[PDB]
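In: Opening piece of a complex, kept in its complex position:
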Amino acid sequence: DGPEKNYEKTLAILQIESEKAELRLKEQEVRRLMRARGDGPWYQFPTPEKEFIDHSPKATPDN
C-alpha cells in the first residue's frame, strides 16, 4: 500500500500508547491521593450504621 499507511498507523499507535502511559501515571497519583486522604469514591473505609440508633425517649432522661 505504500509508506504513508505504515507511517500514519505508527502515529496512531504512538498516540494510543502515550495516552495510556499518561492515564496510568494519573491513576497512580489518584490512588495515592485517595489512600492518603480518602475523599473520593475509592478507599472509603466503613463506619457503624447510623440507622440502628435509638432515638425514642428512654427510662433515663439524661441521654
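Out: That came in fine, so what should we check first? Numbers count the residues shown, from 1 in each chain, chains lettered A, B, ... in the order given.
In: Who's the closest spatial neighbour of the residue nearest to the spatial centre of chain A, skipping the chain neighbours?
Out: The centroid of chain A falls nearest to residue A:42 when counting by CA atoms, centre = their mean (5.2 Å). Leaving aside its sequence neighbours, residue A:42 sits nearest to residue A:34 (CB to CB, 6 or more residues apart in numbering; 4.8 Å). The C-beta positions use only the backbone N, C-alpha and C, and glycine is treated the same way.
In: so the one you found makes contact with residue A:40?
Out: Yes: Residue A:34 lies in contact with residue A:40 (CB atoms under 8 Å); the separation is 4.7 Å.
In: Settle it for me: which of the two has more neighbours?
Out: With neighbours defined as other CB atoms under 10 Å, residue A:34 and residue A:40 compare such that residue A:34 has more, 15 against 12.
In: helix or strand for that one, which one?
Out: helix A:3-36 (DSSP states H and E).
In: Buried residues in that helix, which are they?
Out: For helix A:3-36, the neighbour count (16 or more other CB atoms under 10 Å) marks no residue as buried.
In: on that earlier part again, in contact with the residue nearest to residue A:42, which residues?
Out: By CB atoms under 8 Å, 6 or more residues apart in numbering, the residues touching residue A:34 are A:40, A:42-43.
In: If we only consider the residues you listed, which is nearest to residue A:59?
Out: residue A:43 (41.4 Å; CB to CB).
In: which element is that closest one on?
Out: Assigned by DSSP H and E, residue A:43 falls within no helix or strand.
In: so how far is residue A:45 from residue A:17?
Out: Using CB to CB, to the nearest Å, one obtains 35 Å as the distance from residue A:17 to residue A:45.
In: following sequence is chain B, place it on the structure:
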Amino acid sequence: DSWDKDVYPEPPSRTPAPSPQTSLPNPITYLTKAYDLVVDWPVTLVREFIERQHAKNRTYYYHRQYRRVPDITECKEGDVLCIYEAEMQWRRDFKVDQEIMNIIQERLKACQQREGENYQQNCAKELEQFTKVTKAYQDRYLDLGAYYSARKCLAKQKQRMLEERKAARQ
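Out: Placing chain B onto the earlier chains gives this:
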C-alpha cells in the same frame, strides 16, 4: 549513461596520436579490429534490439521527495508524535549523508586512479573536499553510539556549541 559530470567529475582524456617508428605491424591494432568485427557488432546489434523493445514498452518512474516536517528543536519533550516525525526525518538525512560520504570517497578514489603517479599533487582539491566533508561528518555524527538519534545529535551539537562559545569568551 545515467550519471552526470556535475556529481561525478572527470577531466577530458588527452590521448596522444600513434607514431609508430617500427615497421612491424601492431598485433594490438589487429586484435582490436578483429575483436570489434567479431564481438562488438553482434553485441551492439542485440543491444539495439533490446533498446527498441524497451522503446515499444516504455515506462517511467519518479524520485520521491519528502516535505520538511518541523525539526526536533521545536518538538516538545514527551510529545512522541512530532518526536517520531523528526526522528524519521533525521534518520532519512543520516542515510543521505552516508551516501554523500560514499560519493565523495568514490570521487577521491577515481582521482587517485586517474592521476596515478601524480596523485600527491593533482588530487589536492579532491583530498581537501574529502577532508572538509569528513570534518563536518565527524562534527555532526561521530561518537553518537549504536542508538544514534536526533536527540543525541542535538545534545552533541549543543555541547560542541557550548564549548566553542566558552572558548570564544577568551
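In: picking that back up, pull the contacting residues for the residue nearest to the centre of chain A.
Out: Residues counted as contacts of residue A:42 (CB atoms under 8 Å, 6 or more residues apart in numbering or on different chains) are A:31, A:34-35.
In: Give me the phi and psi for the residue positioned nearest the centre of chain B.
Out: When CA atoms, centre = their mean is applied to chain B, the residue found nearest the centroid is residue B:103 (1.6 Å). In terms of degrees, to the nearest 10, the main-chain angles of residue B:103 are phi -60, psi -40.
In: The host helix or strand of residue B:154 vs chain A: in contact?
Out: Here residue B:154 sits within helix B:150-169, counting by DSSP H and E. No: using CB under 8 Å from any CB of the partner chain, helix B:150-169 never reaches chain A; the gap is at least 15.4 Å.
In: who's in contact with that helix?
Out: Contacts for helix B:150-169 (CB under 8 Å, 6+ apart): B:72-73, B:86-87, B:89-90, B:139-141, B:143-145.
In: try 7 Å this time
Out: B:72-73, B:86-87, B:90, B:139-140, B:144-145 (CB atoms under 7 Å, 6 or more residues apart in numbering or on different chains).
In: one step back: against chain B, how distant is the residue nearest to the centre of chain A?
Out: In this view, residue A:42 and chain B are 27 Å apart by CB to the nearest CB, to the nearest Å.
In: for stretch A:24-39, the distance to its chain's centre please.
Out: Mean-position distance between stretch A:24-39 and its chain equals 7 Å (CA atoms, centre = their mean, to the nearest Å).
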